[PDB]
Every structure is written in C-alpha cells, then in structure tokens.
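S.K.:
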Amino acid sequence: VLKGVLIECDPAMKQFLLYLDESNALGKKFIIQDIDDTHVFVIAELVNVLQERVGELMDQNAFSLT
Amino acid sequence: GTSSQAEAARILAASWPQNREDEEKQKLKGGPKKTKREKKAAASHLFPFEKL
Amino acid sequence: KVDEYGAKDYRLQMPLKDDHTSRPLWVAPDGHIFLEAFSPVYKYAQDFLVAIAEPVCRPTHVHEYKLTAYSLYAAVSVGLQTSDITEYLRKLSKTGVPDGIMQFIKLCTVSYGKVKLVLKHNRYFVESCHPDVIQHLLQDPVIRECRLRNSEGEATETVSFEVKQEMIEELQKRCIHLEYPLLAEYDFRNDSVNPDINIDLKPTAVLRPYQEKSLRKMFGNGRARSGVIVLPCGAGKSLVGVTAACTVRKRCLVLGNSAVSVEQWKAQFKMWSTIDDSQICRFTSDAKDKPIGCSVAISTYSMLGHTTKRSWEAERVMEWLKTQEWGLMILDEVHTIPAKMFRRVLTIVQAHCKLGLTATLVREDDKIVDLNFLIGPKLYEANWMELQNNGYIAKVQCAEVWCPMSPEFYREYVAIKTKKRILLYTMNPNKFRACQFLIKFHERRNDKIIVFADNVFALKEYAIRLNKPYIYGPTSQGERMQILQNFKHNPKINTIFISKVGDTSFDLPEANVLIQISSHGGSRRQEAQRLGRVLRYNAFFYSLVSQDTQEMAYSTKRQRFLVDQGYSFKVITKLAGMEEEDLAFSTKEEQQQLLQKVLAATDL
Amino acid sequence: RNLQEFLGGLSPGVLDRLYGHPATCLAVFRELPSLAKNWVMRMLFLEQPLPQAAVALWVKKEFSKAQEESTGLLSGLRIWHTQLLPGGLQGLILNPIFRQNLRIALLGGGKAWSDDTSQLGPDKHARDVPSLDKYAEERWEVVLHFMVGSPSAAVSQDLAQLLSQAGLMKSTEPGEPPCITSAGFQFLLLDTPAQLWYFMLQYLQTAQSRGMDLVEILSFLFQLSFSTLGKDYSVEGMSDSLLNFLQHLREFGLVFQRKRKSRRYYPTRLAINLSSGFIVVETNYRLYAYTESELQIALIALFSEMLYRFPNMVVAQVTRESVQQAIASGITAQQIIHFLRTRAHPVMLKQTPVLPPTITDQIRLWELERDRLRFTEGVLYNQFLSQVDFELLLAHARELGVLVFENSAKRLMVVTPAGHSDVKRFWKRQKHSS
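Protein chains in written order, with the authors' numbering: chain G, 4 to 69; chain H, 889 to 940; chain A, 52 to 208, 267 to 645, 655 to 722; chain D, 17 to 292, 305 to 462.
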C-alpha cells in the first residue's frame with residue numbers, strides 16, 4: 004500500500020505537476036502515482052515546495068499592479 | 889468516437905473555473921431572490937450570447 | 052512622507068478645509084489633482100483643469116489629473132495668467148494649496164515667453180526680449196555649434270542670432286534642460302511674406318462642441334502654436350485638421366504613415382475644404398500629380414527621410430519642397446514620431462506650426478516625453494466617457510474572456526521555452542471553439558465582425574478552417590481593397606480576418622464586433638487602435663486569451679490604458695450554449711492531431 | 017444567525033413567556049415574512065380555529081411553497097397551534113397570550129412599556145442626539161480597538177472573558193493579552209449592526225452561565241429597540257440582574273447613562289437597529317473613502333493598499349496581492365463584497381448594481397486562487413488482484429464512510445488514515461476466511 008496525499012485540481016495543474024516530475028525541478032521523482040486525469044498522489048513530506056512552485060507559476064503570469 | 893465527444897466535453901467544459909463554481913452553486917441558492925431588480929441588473933450587464 | 056501603512060500621507064500639509072465640501076478638488080504636495088464628477092460645478096472645473104493640466108485617469112466618479120511643466124506652459128500660452136490660475140486653484144481646493152505647488156507653478160510660468168524661435172526667409176532665429184538670457188545660454192557648449200559662422204550678435208532693433274537648421278532639435282532639447290523652454294508661435298494674421306492661399310471650408314461641415322474646444326484652445330489669442338490633439342478614430346479627427354488648415358490659410362503639408370492615408374486626407378480635403386484638384390497634390394511616387402507649385406501637399410513618412418539614393422523626380426520634388434516655408438505642417442499618427450528616422454523629418458523641412466494628431470498617444474520606451482519638445486505640449490485630450498455619453502461614439506462593451514489550456518497543449522507549453530510557445534497558446538482548441546461560437550452567434554444576428562490576429566502563420570489555419578476571407582497582409586493592393594469594399598455592402602459575407610494590417614488609420618467600414626486573438630506583447634497602442642476601429655450598447659469587442667500563459671499577463675498589462683480611459687473589461691469564464699451546437703475540435707482526435715502540425719514549424 | 021433561528025431553538029415555555037410582553041410580540045411579528053403577516057392580521061380577531069385546508073386555499077397553487085415555508089415558520093415560533101376541531105378536522109388558532117399582547121400593543125391597553133418620565137421632571141444633564149451618536153461611536157471604536165489589542169482601549173475583565181468565550185480572542189498564556197484568531201478578523205470585518213447582533217447572540221447563549229433570566233433580557237432589549245431616539249426612560253421597575261445587564265450596555269454604548277445610580281437612560285441609534305455611505309469604488313480598482321477615524325482606515329487597509337491620506341479622504345488601490353493577503357488572514361471575498369456594498373457612497377446607489385460587476389468578479393476570482401489545489405491525506409490501495417475482491421473492499425470502505433476517492437476502472441481507491449486500520453483488518457480477515 005501507498006501512504007501520502009491526494010491532490011485534486013484542474014488537468015492543467017495536474018500535467019504541470021507531471022512535467023515537474025520528469026523535469027526534476029524539485030530534485031526527485033516524488034510524484035509517485037497518477038490515479039485520475041484530474042487527481043494525483045504525492046508524498047506529503049514536500050508539499051511546501053510544490054505550493055511555492057504553484058504560487059510562482061500563478062503570480063509569474065499575473066502582472067501585479069502594485 | 890461516441891465516447892471521445894463526451895470525454896472532450898467533460899475535460900474542456902469544467903477544467904479550471906467550473907470545478908469550484910459548480911460546487912458553490914450546489915452548496916448555495918437556498919434562499920429566494922431578494923429583489924427582481926437584481927435580475928434586471930444581470931440582464932443589463934450580461935452579453936447577448938449569455939441571455940439565450 | 053510617512054509610511055505607517057505604506058501610503059504617502061499629507062494630512063498635516065493641507066488642513067484648509069474651512070467650509071466644507073463645496074469645492075470638488077484635492078491637491079497634492081508634489082503634484083496631482085483629484086476631481087469629483089458628481090458635483091454641480093463639474094463642467095466648469097473640467098474646463099479649468101483641461102486648460103492647465105493633462106489627465107491621468109478618467110473613471111466614472113473621481114477623475115485624476117497631473118501637473119507638469121509642459122501643462123503649465125500650455126496654460127500660460129493661453130490668455131490665462133499666473134494670478135488667475137493660482138486664485139482659481141485656491142478657490143476650488145477644499146484642502147488648501149500646499150506650499151510646494153505655488154513655487155513650482157511660479158517657476159514654470161515665469162520663464163515662458165522669454166525666448167522664442169522664429170522662421171523667416173528660410174532662416175531660423177532665436178529672439179529674446181531680455182538680452183541677459185542670450186549671454187546666459189552663450190556659455191553652453193552645445194549651443195555654440197548652432198551658430199555659423201559664429202553669428203556675431205545679429206544686431207537687430267531685442268537680441269537674436271541665427272541657429273543651424275539641421276541642429277534645431279538639439280537646442281530645443283537643451284533649452285528645457287536650461288529651464289528656458291522655446292515656443293513656436295505663428296502669427297498668421299499679419300505675415301505679408303507668405304503667399305496665402307484661397308482655401309475656404311464649405312459652410313455645411315458642422316463640427317461637434319468637443320472639437321470646438323480643441324480648435325479654440327489652438328488659437329488662443331489670434332495665433333497658432335504647435336500642439337497635439339488626441340481624438341478617437343471613430344470621432345472626427347481629420348475634420349479638425351482640415352478646419353485648422355483652412356483657418357491658417359497658408360501652404361499646408363500633411364504627413365501620413367501609410368500610402369493609403371494620403372488618399373484619405375485628400376478625400377477629406379475634397380469633402381470639407383472646397384479646393385480644386387490642381388492645388389491638392391500627393392507626393393508618394395504613385396501618380397505624381399505635379400507636386401511642384403501646390404497649395405496643400407500630402408505625403409507620408411519613410412520617403413522624406415530616405416537614407417538611400419532617391420528617385421530623380423522625387424529628388425527634384427524634395428529639392429523644391431525644401432526651399433520654402435510651410436504653414437501648419439500637419440502630422441498624422443504622431444505617437445510614432447520619436448523614431449530613428451521620423452524625428453529628422455521634422456528637421457529636414459521648415460515649417461512655422463507643427464500640428465500633430467493621434468488617437469492613441471500611449472507608447473513604450475518612454476519616448477513620448479521627447480514629443481513634448483519635438484513638436485509641442487499636449488494640447489487637448491478628449492474625455493472618451495463623456496464623448497460616448499453624448500451618443501456620437503458607440504458605447505462599446507469591452508470584454509476579456511479567457512479559455513482554459515487543453516491538456517494536449519499545456520504539456521508542450523511548459524516543456525518548451527525557446528520562444529516556440531507563441532503558437533501554442535495562440536492555437537488553443539478551446540480558444541478556437543470560443544472564437545467560432547462568437548463568430549456564429551454574431552453572424553446569426555447580422556453583425557459586422559472584424560477579427561484581429563497577429564502571427565499570420567496561425568491565422569492561416571485559423572481562417573482556412575472556417576473558409577472565411579483573411580488578409581495575409583502582403584497579398585496585394587487590389588485584393589485587400591476589393592475585400593474590404595465588398596465586406597460592408599454584402600449580407601452573404603460579414604466577417605474578415607486581419608493580421609496586424611488594421612493596426613493603423615485605414616478606411617475600414619463600420620463594425621460592431623471585434624475579436625482579437627494573439628495580439629502583440631504589451632502594445633497598449635495596438636489595443637487602443639483596435640478598439641478605435643469599432644466605435645464610430656451599439657457595439658462590443660472581445661479579447662480571447664489563454665489561461666496560465668503569458669497571454670494573461672500581457673492582456674492585464676495592455677488594458678491599463680483603456681481602464682484609465684474609463685473602460686471596464688468584464689471577465690467571461692463560461693459561454694452559454696457551448697455544447698448547444700457543433701463546433702470544431704469536438705473530439706480529442708483532431709485536437710491531438712493539431713499538435714503535430716503546430717510543432718511542425720521547427721524554424722531552426 | 018438571525019433572530020428566528022435563535023427563537024426556534026428555545027423551549028415552548030420560553031416562547032410562551034416571551035409573548036407576555038407587548039414589545040416582544042411586535043419584534044416577532046416584524047420578523048415574519050410578508051405572507052405570514054397577512055395571516056396574523058387576518059386571524060387577529062378570530063376566537064375560533066380555522067381548518068388547515070381553508071387557510072391553504074387563500075394562496076394560489078404556484079405559491080404553495082412560500083405558504084408551506086411560512087406555515088412551518090409560524091409553527092416553529094409557536095405563534096399558532098393546531099387544535100383538534102370536532103369531526104376529525106384540524107383547526108389552527110393563534111396563541112391567546114400572544115394575540116392579546118399584540119392587540120394591546122396595537123390597539124391599546126394595560127400600562128405603558130416604561131414606568132414614567134415626568135415624575136423626575138426635566139433632565140439636569142440631558143444631551144443631544146449628535147452627542148449620543150458620538151458617544152456610541154466612541155464606545156464602539158474603543159471596543160474594536162480592544163479587540164485589536166492596542167493599549168489605548170481599557171475595558172472590564174468581564175468583557176475580555178466574554179470575548180474569549182465568543183472565540184474571537186484566546187488567552188493562551190495567563191496575564192498576557194489574548195491573541196485574536198481568524199474568527200476575530202472575520203467578526204471585525206462584519207458590519208456594525210451585524211457585529212452588535214452577533215455579540216448579543218453570544219451573550220444570550222451564555223446568559224444562563226451568569227444566572228440571568230433570558231426572557232427578561234430579551235423583553236428589555238426589544239423594548240429598547242422600539243424606543244424613541246432622544247427620549248429618556250425610567251430605570252426603576254427592573255430586576256437587579258437586568259440592571260447589571262444594563263451596565264454592560266453602558267459599556268457597549270447602546271445605552272447612555274451619566275451615572276450608575278442615575279434613574280435616567282437615553283437609548284442610542286445603535287440600540288434601535290439592534291433588533292434588525306462614504307466609500308466610492310471605481311472601475312480601476314480604486315477606493316475613495318470619506319472617513320477620518322482610524323477604525324475605517326484599518327478596515328480598508330486590511331484588504332487593500334493605501335496610497336494617499338488627505339485629512340478628510342483616503343485613496344487606496346485594490347490589488348491582487350492585498351486581497352490575497354487578506355484572504356490568507358481568513359477573510360472571505362463575500363465578506364469584503366458585503367462590506368463594500370454596505371459602506372457604499374450614496375452616489376454609487378444610482379448604479380444597478382451599486383458595485384460594478386467587474387470588481388466583484390475580480391475579487392471572487394482572486395479568492396478562488398487560494399483553493400486551486402485540494403489536499404486530502406490518506407492511504408492508496410493499488411494491489412487488487414481481482415475486480416470482485418476490489419468491489420467487496422470498496423463496499424466495506426463506503427459502509428465505513430472513510431472513502432475519499434474511487435476508481436473502479438483501474439481498481440484504485442483511497443481511504444482516510446483513521447479508517448486504514450479497519451480496512452486492513454477487514455482485508456486480512458477476508459483472506460483468512462478464504
């Protein structure tokens with residue numbers, strides 16, 4: 004059996020995480036099991052770096068007016 | 889393929905900004921309309937293709 | 052000055068709030084004006100502020116204007132004096148004028164008429180009422196090269270001296286740095302040296318009151334000075350130029366950008382000026398209607414500033430044209446004046462008044478500041494919101510509707526970074542379906558549609574898929590003309606595709622729907638021009663972008679001009695009846711087949 | 017929660033005792049829906065119960081849903097009760113005590129709600145309506161500052177204990193001031209009448225802890241709600257506990273009283289609205317607020333970036349970063365939209381809707397950014413050899429109610445970490461039985 008965290012999101016972010024898995028942008032292949040087209044199963048010990056990467060992607064193409 | 893149409897419609901129609909708007913709609917709209925003027929304002933601010 | 056919440060707070064600076072709110076104005080220490088639109092004195096305050104400052108944003112409720120040195124120069128150019136402007140600013144302040152604005156206004160307004168630049172007998176002179184300023188600027192090394200041969204003292208009457274004609278731009282740039290701005294005032298009432306022509310506009314071309322304000326501000330005290338007038342393309346812009354040319358009553362020179370704009374200006378003159386075809390000439394190496402010996406000459410850029418060998422007939426025409434003075438040199442699309450070769454066009458010809466007209470003054474590379482001294486100060490800025498409130502400009506319902514990225518495209522979008530992702534979000538199947546749905550919906554209701562789309566490579570498969578006319582752009586001259594001619598008066602065909610060709614002032618017919626896809630990077634000018642092609655909710659235009667891509671940031675950063683103009687972009691995330699009818703790319707098979715052909719570019 | 021929700025959860029005896037005061041009956045009546053009010057007025061002079069079908073035939077078939085909702089609300093509030101009409105029929109008649117008190121409050125009868133006001137003559141230290149409003153605003157601002165924790169606000173220890181019980185602020189370490197939680201921020205963002213009503217509801221839910229009569233407090237509060245602004249009333253004629261409660265009102269600014277021993281008290285505008305604009309929003313994401321108190325400045329700065337502060341004006345810009353930070357602080361977009369609508373300048377009221385749709389849509393979209401990713405800890409099962417074996421285990425997990433996600437196509441399922449042990453034992457037991 005596998006223990007971790009299920010992440011549900013749009014297919015765009017799911018495939019972005021899939022690309023991060025193969026690109027080794029975090030240092031390892033911690034994206035272990037893909038279960039659905041919109042759901043993934045990732046180990047929980049590095050959810051923070053994934054959140055940081057998602058935030059960077061989101062605010063990169065944002066052009067904050069501040 | 890018959891299933892290809894349904895799969896593409898499911899993926900495209902509800903990819904990012906529907907999987908949370910539909911949830912909010914299902915978890916809301918319990919009370920009645922406050923006033924009829926809200927519908928008038930919505931009709932005035934809505935584009936013609938959103939009225940049909 | 053204090054940053055308790057990160058906001059520049061000036062509560063202590065201006066406490067003069069005696070009684071109590073009747074003045075709809077707020078001032079700032081450095082400089083800024085805030086105006087309340089919902090006031091009974093709104094019109095008078097607007098008339099006062101326009102003549103003294105340029106706007107920075109005009110939303111529906113609280114207008115914001117900015118105070119600049121050139122704005123004060125323009126204000127003092129009109130009959131308004133320092134005492135009047137100061138007392139009226141203090142009259143409507145509701146907070147008290149800070150003691151940082153009065154000094155700035157005084158400094159700006161003191162040195163306005165000290166130095167003038169005049170043209171006489173094909174000679175440029177600089178005249179000063181106060182002789183001391185001549186010695187003050189004499190020590191400047193850059194000015195010394197203008198005189199030739201050293202221009203001893205040009206003892207006349267008032268101390269003046271000649272300057273080099275080809276280096277007039279450098280001294281104009283230096284004078285503002287020396288806090289001695291130059292003015293270009295042409296007193297056309299009394300010349301007796303110029304052979305004034307018999308031009309006279311017909312008394313049937315009535316003009317709207319907003320054009321009256323700009324024209325009156327141009328001629329404040331019987332003289333015409335160089336300036337910039339900003340009016341929408343749908344509004345009357347060429348009419349203002351024609352009226353100005355008629356009032357000046359001198360030899361006029363009109364400069365356009367494209368080889369078809371000269372025909373537009375000739376048509377405008379033939380429509381609203383009552384001038385025989387013999388005097389009107391176009392100098393664009395297409396018909397050669399004897400430009401030598403003409404009253405009004407219309408030509409275009411990129412030909413007056415040729416850096417290569419010129420045609421023999423063109424060389425003779427240029428030699429003739431560089432030998433006489435010009436009255437009210439009219440420039441069109443002035444926004445793209447500060448270029449490498451377009452600036453010297455001003456210095457390659459001699460004219461008294463330089464009148465520039467444009468609809469989209471916004472430009473990147475912050476070269477608009479150079480236009481302040483290249484031609485003159487920003488004279489008039491039309492308020493688009495009140496212009497469309499009068500009903501003479503179509504109330505366009507701006508829309509910003511995005512489409513999600515299909516999974517078959519997003520993997521490749523995030524995989525590639527070497528500039529090959531431009532086509533990817535451009536050819537988004539979801540955006541294609543949205544565009545097709547909009548096209549069909551607006552055709553079902555008989556609405557004229559213009560579809561702008563850069564990246565003509567994508568536009569090829571975007572237009573041939575729907576089997577609709579498109580302008581590749583280097584097609585021909587005749588094909589584009591006939592396509593645009595049959596576009597308007599044909600119910601069978603009412604939608605066309607344009608590839609960056611409609612990003613200028615053309616003769617495109619009236620349209621109600623505009624759909625732009627994959628425009629340029631951050632060109633606010635391009636989007637403003639495209640919006641200008643619709644107005645003339656009568657109409658509405660849509661912009662399609664792809665989520666989670668650079669197009670989101672581009673659209674956000676390129677709409678900041680229109681929101682300052684007062685337009686609001688409603689976000690549309692769902693399209694009603696998307697699955698009601700059949701659209702292209704319905705299944706995944708053709709969507710994934712599109713990947714091979716969109717990756718088939720491989721331009722290496 | 018609204019008043020009806022609180023009243024419906026009370027025992028029938030409490031509801032019956034509440035109706036004994038004429039002021040309470042009017043407050044209950046004005047909370048009823050429009051259809052309910054007509055039924056109450058029609059049945060005002062009826063001494064006989066009416067058949068359920070007869071009442072049901074007054075409304076049309078299409079609006080039967082509203083009729084059912086109103087009837088259910090009336091039954092829950094116990095305004096009327098079903099009577100066994102002779103012949104097997106069911107009769108509906110209003111509560112005699114409630115009906116009599118409502119008629120007295122409307123037609124007249126009995127003694128006045130207040131004891132008297134002319135017995136003591138004119139007030140020696142009477143104030144004015146603007147002074148009362150200023151005092152109420154100062155008290156409310158002091159309370160809200162004490163919620164923040166600034167030393168400028170000093171209140172009684174009982175108020176701090178009440179706030180701690182309300183959950184807005186928690187005192188993790190004794191002696192040190194409590195720290196305001198996310199619920200505290202949400203309450204602070206709430207509207208002033210809404211904040212007053214929430215505070216009163218929290219007081220009433222814990223009213224039994226102090227040994228105070230809920231009925232008396234509710235009756236006195238309702239009487240204060242209908243009181244005329246600028247007119248004092250006699251303190252005498254009330255139980256001591258209520259007087260103590262009145263003192264807390266003096267702390268909250270609802271009721272003005274010069275001295276604790278004074279026999280006069282002046283209701284304020286805040287007390288009137290307890291029973292139930306200066307911000308201009310522009311299409312360019314700009315807020316122009318005609319306010320001077322630090323309270324409104326702080327509230328606006330909670331969800332926006334401040335730019336300029338003129339002595340009578342605040343110019344701020346609503347940006348994505350500021351709204352994201354405010355949401356991370358715990359405030360939802362709906363609360364921000366409601367706050368902007370409530371404080372909307374009268375000029376914007378001409379627009380329909382008052383706030384431009386683009387700004388509200390942008391705020392809602394910015395709210396949706398935070399919850400883009402959904403996280404659910406669990407255990408993944410992927411070692412199913414047979415479909416039938418997978419189906420039985422999935423059914424057992426669904427019976428346990430610990431399933432999070434299922435995929436019958438690939439025989440994949442996820443269960444909660446707590447329920448993993450039960451699923452493991454069940455799977456092991458099934459193999460043992462095999």
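Every residue, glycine too, gets a C-beta built ideally from N, C-alpha and C.
In angstroms with no decimal places, state the Cα-to-Cα distance between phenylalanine 937 of chain H and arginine 639 of chain A.
M.R.: 22 Å
S.K.: Are the beta-carbon atoms of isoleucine 580 of chain A and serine 614 of chain A separated by less than 8 Å?
M.R.: no
S.K.: With DSSP as the reference, identify every bridge partner of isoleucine 34 of chain G, one or two as the case may be.
M.R.: G:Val45
S.K.: Please state whether DSSP places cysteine 284 of chain A in a helix, a strand or coil.
M.R.: Helix.
S.K.: Which value, in whole angstroms, describes the spacing of the CA atoms of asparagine 54 of chain D and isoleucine 113 of chain D?
M.R.: Computed Cα separation, rounded: 19 Å.
S.K.: Within 8 Å of any Cβ in chain H, is that where the Cβ of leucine 396 of chain D sits?
M.R.: It does; some Cβ of chain H falls within 8 Å.
S.K.: For the region 389-413 of chain D, enumerate the residues whose C-beta is nearer than 9 Å to any C-beta of chain A, in chain order.
M.R.: Within the region 389-413 of chain D, the residues whose Cβ lies closer than 9 Å to any Cβ of chain A are, in chain order, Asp389, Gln390 and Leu393.
S.K.: If you run the structure through DSSP and keep just helix, strand and coil, what is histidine 172 of chain A?
M.R.: coil
S.K.: Terminal residues of the continuous beta strand (DSSP E) containing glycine 365 of chain A?
M.R.: 361-365
S.K.: If you draw a straight line from the alpha carbon of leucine 89 of chain D to that of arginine 285 of chain D, how long is it in whole angstroms?
M.R.: 30 Å
S.K.: If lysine 706 of chain A and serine 892 of chain H are in contact, beta carbons under 8 Å, what's the gap, nearest whole angstrom?
M.R.: 5 Å
S.K.: Given a cut-off of 8 Å on the beta-carbon distance, is the pair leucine 220 of chain D and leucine 230 of chain D in contact?
M.R.: yes
S.K.: So which of A:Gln154, A:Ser323 and A:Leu199 has the shortest CA-CA distance to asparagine 492 of chain A?
M.R.: The shortest Cα separation from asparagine 492 of chain A among A:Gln154, A:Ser323 and A:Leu199 belongs to A:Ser323.
S.K.: Could I get the ranges of all uninterrupted beta strand (DSSP E) runs contained in the region 368-407 of chain A, with 3 residues as the minimum, in chain order?
M.R.: 390-392
S.K.: Anything in the region 675-702 of chain A with a Cβ closer than 8 Å to a Cβ of chain G? List those residues in chain order, please.
M.R.: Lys675 and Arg678
S.K.: Rounding to the nearest angstrom, what Cα-Cα distance links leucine 270 of chain D and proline 167 of chain D in this structure?
M.R.: Computed Cα separation, rounded: 23 Å.
S.K.: May I ask you to list, following chain order, the residues of the region 899-916 of chain H that have a beta carbon less than 8 Å from some beta carbon of chain G?
M.R.: Correct list: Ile899, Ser903, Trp904 and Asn907.
S.K.: Using beta-carbon positions only, say whether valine 351 of chain A and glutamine 320 of chain A come within less than 8 Å of one another.
M.R.: no
S.K.: Is the shortest distance between the beta-carbon of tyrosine 336 of chain D and the beta-carbons of chain E less than 8 Å?
M.R.: Considering every chain present, this structure includes no chain E. Its protein chains are G, H, A and D.
S.K.: Here's the rule: buried if 16 or more other CB atoms are within 10 angstroms of the residue's CB, otherwise exposed. What is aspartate 441 of chain A?
M.R.: buried
S.K.: Measure the Cβ-Cβ separation of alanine 718 of chain A and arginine 574 of chain A and say whether it is below 8 Å.
M.R.: no
S.K.: Establish whether the CB of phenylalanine 66 of chain G and some CB of chain A are separated by less than 8 Å.
M.R.: True, the Cβ-Cβ gap to chain A drops below 8 Å.
S.K.: Would you tell me roughly how many angstroms separate the C-alpha atoms of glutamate 208 of chain A and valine 302 of chain A, rounded to the nearest one?
M.R.: 19 Å
S.K.: State the CB to CB distance for the pair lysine 688 of chain A and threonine 386 of chain D, rounded to an integer number of angstroms; the pair is presumed to be in contact (CB under 8 Å).
M.R.: 5 Å
S.K.: To the nearest angstrom, how far is it from the Cα of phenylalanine 679 of chain A to the Cα of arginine 109 of chain A?
M.R.: 11 Å
S.K.: Is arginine 391 of chain A closer than 8 Å to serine 408 of chain A when the C-beta atoms are compared?
M.R.: yes
S.K.: Under DSSP, the beta strand (DSSP E) around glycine 7 of chain G begins and ends at which residues?
M.R.: 5-11
S.K.: Checking contacts by CB at 8 Å: is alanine 931 of chain H closer than that to chain A?
M.R.: Chain A contact via Cβ: absent.
S.K.: From this set, D:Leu26, D:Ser414 and D:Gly29, which residue's C-alpha is nearest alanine 437 of chain D's C-alpha?
M.R.: D:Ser414
S.K.: May I have the straight-line CA-CA distance separating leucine 123 of chain A from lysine 927 of chain H, to the nearest angstrom?
M.R.: 49 Å
S.K.: Listing by chain order, which chain A residues have their CB less than 8 Å from the CB of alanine 28 of chain G?
M.R.: The contacting residues do not exist; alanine 28 of chain G stays about 10 Å from chain A at best.
S.K.: Among the residues of its own chain, which have a CB less than 6 Å from the CB of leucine 340 of chain A, if the five just before and after it don't count?
M.R.: For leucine 340 of chain A, the CB contacts under 6 Å within the same chain, skipping 5 residues up- and downstream, are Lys346 and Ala491 in chain order.
S.K.: What residues from chain H crowd round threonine 380 of chain D, counting only those whose CB sits closer than 8 Å?
M.R.: Contact annotation for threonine 380 of chain D against chain H: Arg925, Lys928, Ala929 and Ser932 [CB-CB distance below 8 Å, chain order].
S.K.: So does the region 95-114 of chain D actually touch the region 24-36 of chain D, counting three or more Cβ pairs closer than 8 Å?
M.R.: yes
S.K.: Could you tell me which of A:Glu619, A:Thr584 and A:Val610 sits nearest to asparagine 599 of chain A, measuring between CA atoms?
M.R.: Comparing alpha carbon positions, the residue from A:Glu619, A:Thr584 and A:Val610 closest to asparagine 599 of chain A is A:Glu619.
S.K.: From the DSSP output, which residues share a beta bridge with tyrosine 281 of chain D?
M.R.: D:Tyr249
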